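Below, chain A is the first sequence line, B the second, and so on; all start at residue 1. Worth knowing before you read on, the calculation uses all heavy atoms, side chains too, and leaves out hydrogens, waters and symmetry mates.
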Amino acid sequence: XXXXXXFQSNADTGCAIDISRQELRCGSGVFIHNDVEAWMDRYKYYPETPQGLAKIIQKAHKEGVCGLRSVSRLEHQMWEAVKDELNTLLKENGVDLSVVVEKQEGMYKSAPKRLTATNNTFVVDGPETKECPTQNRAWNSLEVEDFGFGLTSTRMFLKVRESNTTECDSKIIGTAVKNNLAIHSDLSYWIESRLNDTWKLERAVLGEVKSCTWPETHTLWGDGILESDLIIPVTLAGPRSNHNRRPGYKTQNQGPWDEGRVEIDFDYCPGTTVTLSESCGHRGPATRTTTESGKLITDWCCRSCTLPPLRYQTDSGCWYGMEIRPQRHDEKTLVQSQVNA
Amino acid sequence: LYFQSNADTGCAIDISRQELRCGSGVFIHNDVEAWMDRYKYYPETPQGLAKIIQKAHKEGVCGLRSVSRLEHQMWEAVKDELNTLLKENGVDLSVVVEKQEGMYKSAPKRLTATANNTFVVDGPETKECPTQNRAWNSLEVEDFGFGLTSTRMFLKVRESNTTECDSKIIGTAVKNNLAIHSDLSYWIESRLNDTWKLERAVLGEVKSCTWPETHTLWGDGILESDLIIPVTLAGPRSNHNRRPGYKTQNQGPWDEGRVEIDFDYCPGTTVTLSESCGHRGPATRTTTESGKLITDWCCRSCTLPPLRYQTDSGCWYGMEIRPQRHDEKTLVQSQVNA
Ligand SMILES: *[C@@H]1O[C@H](CO)[C@@H](O[C@@H]2O[C@H](CO)[C@@H](O[C@@H]3O[C@H](CO[C@H]4O[C@H](CO)[C@@H](O)[C@H](O)[C@@H]4O)[C@@H](O)[C@H](O[C@H]4O[C@H](CO)[C@@H](O)[C@H](O)[C@@H]4O)[C@@H]3O)[C@H](O)[C@H]2NC(C)=O)[C@H](O)[C@H]1NC(C)=O
Ligand SMILES: *[C@@H]1O[C@H](CO)[C@@H](O[C@@H]2O[C@H](CO)[C@@H](O)[C@H](O)[C@H]2NC(C)=O)[C@H](O)[C@H]1NC(C)=O
Ligand SMILES: *[C@@H]1O[C@H](CO)[C@@H](O[C@@H]2O[C@H](CO)[C@@H](O)[C@H](O)[C@H]2NC(C)=O)[C@H](O)[C@H]1NC(C)=O
Ligand SMILES: *[C@@H]1O[C@H](CO)[C@@H](O[C@@H]2O[C@H](CO)[C@@H](O)[C@H](O)[C@H]2NC(C)=O)[C@H](O)[C@H]1NC(C)=O
Ligand SMILES: *[C@@H]1O[C@H](CO)[C@@H](O)[C@H](O)[C@H]1NC(C)=O
């Protein structure tokens, strides 16, 4: 599964039903789909030329770049799928260099080196090592040049970026608002806000947690921003937008951002309560509702949040927002986020 | 679960992404192109509204000015019903709806939910009912109404005072090379071609409410002098509402009704960069009042293709673009100051 290559036509054209207006309507415009919560991946990354990429790497290798960290899971999946190919490319040209791709657990961190146009390894992702520290790795060096048709999925071809930026690739971003529901999204983030008495964040699904910055061009309601109010941190591709807020909550810099997939919404973790209490503990690291031993922590408080509570759902269970604390300071087997972003 | 209650569902072809995708999300359509006839306003309570009106008149509100063409059509269509309801309550008061020509100006008064014998809706600027004593932007859409012919939307009186355009009917979105700010009468399009910039805008009428920041893209660090469509004319405070070489078209042909903006030459005309060209002025039509064509145009420091308006009486150029020949032959120029 990695085949190599080697009616306004700028717009979407089709039909949809608008459930709110209760109208079936055809024509042209902009259609944003939910691709984060989709069964398969409709999209796969590809290099414009594997040979080109191999050249990019060996060059960066000469200039002392020991490896790379992917921007996203999709990018990782490319490096994973194209490594054997890149390696036979180097091998057959007499280049003493092999690409090595390690499993990625947790958030995709940024790095400061950049691949440019044109030991003996190039290490993609993995744990932090003294041998190949992040500071000598490349990150966010590629972007989408063109899209390629496929039967099963659609191809995205990567070129080398012309400049140095921390911005997420805008080619794959879809932001939209209609019927007072607002969506900031790309291939791995789906962030939904809605008007109900007030405008506020309602739900978010993060396929992984990345470290690029959400571009202003693709951001709604981005005036008069106070970053410390932004639920999802801008250092974690949180859109710098007033939609990325919830009354009674500040930036979740210590949310469980290193668990892999994270779903944010506002409801109670199963079998728990949350109470307003001026005697509750101050905000701290996001905390799970099950201990290491597995037992359920039922009673929770908050000093000044609003209900329903900010809830995180991950592979290992349910967590609460930073402002929500265990009512009883007696449980010692806590599982808490050790992130600071 | 709520995502069903407010979303769109269907299929579309995305040429840019070379794919056919189905699913759920937000589909923003092109409505200023023929779809204004498939949407009607109706007051949610003609009875209540009548009471609201007789109260406002009783408090020194001589009349009203519609936010938009669609609102005006509702007034035109409900006045007979309103009047006959005012009769039944024994109220010396009748609604008068005059033709609306030009831009839909704003007014400072508001209706509330709780001399002459008339309530004048729209029209020219009388002194028997000045704009300063009229209400404006007191209505918003409560819910939508199913129809085969048209989608109905029912209006409530606003609980609050604001210059903001009703947000319920706004659709704003960006994907691939394309950014749209739109509602039922405005379609404002910008595109990424080397740079993000305004490419085209169609305005069914020119209104004077303000485009809400909640539905504005790229709204950070705004220099209002660079916004092409003025914020006083529902221009979005967006860096998408910009074109290099051009500043705010405060003196556009905004009083002509329908206006379309794009970047292209007026038929039979040329535009050349000249250091000796005149400075920004009111926008000028390519035909003179008699009906003669002006062919030669200059600009000092605009970029090309030229900023172009099209209205019901012809083609016009942006404020920076000036007739190269000084033998001024009674031009037709915008008199609007926005
Ligand atoms: C969209 O936004 C609206 C608000 O604009 C939300 O509506 C609110 O929903 C919440 C719960 O979902 C409601 O809160 C509940 O109120 C019940 C009755 O209200 C009492 O308190 C008010 C205080 O102002 C008094 O005025 C009133 O007379 C009543 O005495 C309570 O019975 C509920 O209590 C539960 O929670 C508390 C929390 O501590 C527990 O201690 C209780 O034991 C009990 O379990 C609760 O407080 C609120 O009333 C709604 N407001 C309005 C205006 O309707 C919608 O929920 C939101 N939509 C979505 C989808 O989220
Ligand atoms: C690209 O820009 C980034 C940030 O704008 C640069 O990252 C900084 O690099 C220096 C030295 O490498 C560090 O001390 C900083 O902490 C980095 N800031 C970050 C990572 O936010 C990066 O060096 C630039 N890369 C190139 C090739 O110019
Ligand atoms: C009360 O309001 C009515 C409706 O606006 C006024 O009637 C108009 O008066 C002007 C005066 O020049 C005429 O040109 C219009 O033709 C009248 N409208 C008609 C006949 O439908 C009336 O003058 C006002 N009375 C006042 C201010 O005392
Ligand atoms: C997108 O912008 C490019 C400029 O980068 C436009 O290309 C120019 O097109 C005009 C007329 O077609 C030519 O006179 C120029 O010489 C072109 N420039 C270059 C560098 O080729 C292009 O027309 C724009 N396309 C759209 C659809 O707006
Ligand atoms: C509406 O609000 C504006 C902004 O404060 C104010 O200037 C205006 O007088 C208000 N009008 C009414 C009728 O309250």
Inset, instruction - Could you check A:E23 against B:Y39 for side chain to side chain donor-acceptor pair (under 3.5 Å), going step by step and ending with a plain yes or no? - result: CA-CA 11 Å; A:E23 69 171 38; B:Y39 279 119; 2.7 Å; yes
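For A:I183, the part lying under 4.5 angstrom from a heavy atom of chain B is the side chain only. Heavy-atom distances place both the backbone and the side chain of B:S167 under 4.5 Å from chain A. Contact annotation for A:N242: neither backbone nor side-chain heavy atoms come within less than 4.5 Å of a heavy atom of chain B. The parts of A:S9 that come within reach of chain B are both its backbone and its side chain, each placing non-hydrogen atoms under 4.5 angstrom from that chain. Residue contact with chain A, scored on non-hydrogen atoms closer than 4.5 Å, involves the backbone and the side chain of B:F27 alike. In this structure, the portion of B:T216 lying under 4.5 Å from any heavy atom of chain A is its backbone and not its side chain. With a threshold of 4.5 angstrom between heavy atoms, A:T217 approaches chain B through its backbone and through its side chain. Contacts of A:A11 with chain B are made by both backbone and side-chain atoms, with heavy-atom separations under 4.5 Å. When heavy atoms are compared at a cutoff of 4.5 Å, B:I28 approaches chain A by way of both its backbone and its side chain.
For B:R243 and B:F263, the positive end sits near the middle of the six-membered ring, less than 6.0 Å away and at most 45° from its axis.
Less than 6.0 angstrom separates the ring centroid of B:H215 from the ring centroid of A:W199.
A salt bridge does not link B:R200 with B:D264: every distance from a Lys NZ or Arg NE/NH1/NH2 to an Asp or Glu carboxylate oxygen is 4.0 Å or more. Checked for salt-bridge contact, A:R194 and A:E192 meet the test: a charged N lies under 4.0 Å from a carboxylate O. The pair B:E44-B:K156 does not count as a salt bridge, with every side-chain nitrogen at least 4.0 angstrom from each carboxylate oxygen. Of the charged side-chain nitrogens involved, none lies within less than 4.0 Å of a carboxylate oxygen, so that A:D41 and A:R73 do not count as a salt-bridged pair. A salt bridge is defined here as a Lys NZ or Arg NE, NH1 or NH2 lying under 4.0 Å from an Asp or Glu carboxylate O, and A:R240 with B:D220 fails to meet this definition.
The choice from A:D35, A:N180, A:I19 that makes the most heavy-atom pairs within less than 4.5 Å of chain B is A:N180. By number of non-hydrogen pairs under 4.5 angstrom with chain A, the leading residue of B:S16, B:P212, B:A179, B:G221 is B:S16. When each of A:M156, A:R42, A:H243, A:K171 is checked for heavy-atom pairs under 4.5 Å with chain B, A:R42 comes out on top. The choice from B:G25, B:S182, B:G23, B:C11 that makes the most heavy-atom pairs within less than 4.5 Å of chain A is B:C11. Ranking A:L195, A:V177, A:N179 against chain B, the residue ahead of the rest is A:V177, based on heavy-atom pairs under 4.5 Å.
Between A:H184 and A:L220 the shortest side-chain heavy-atom distance falls below 4.5 Å.
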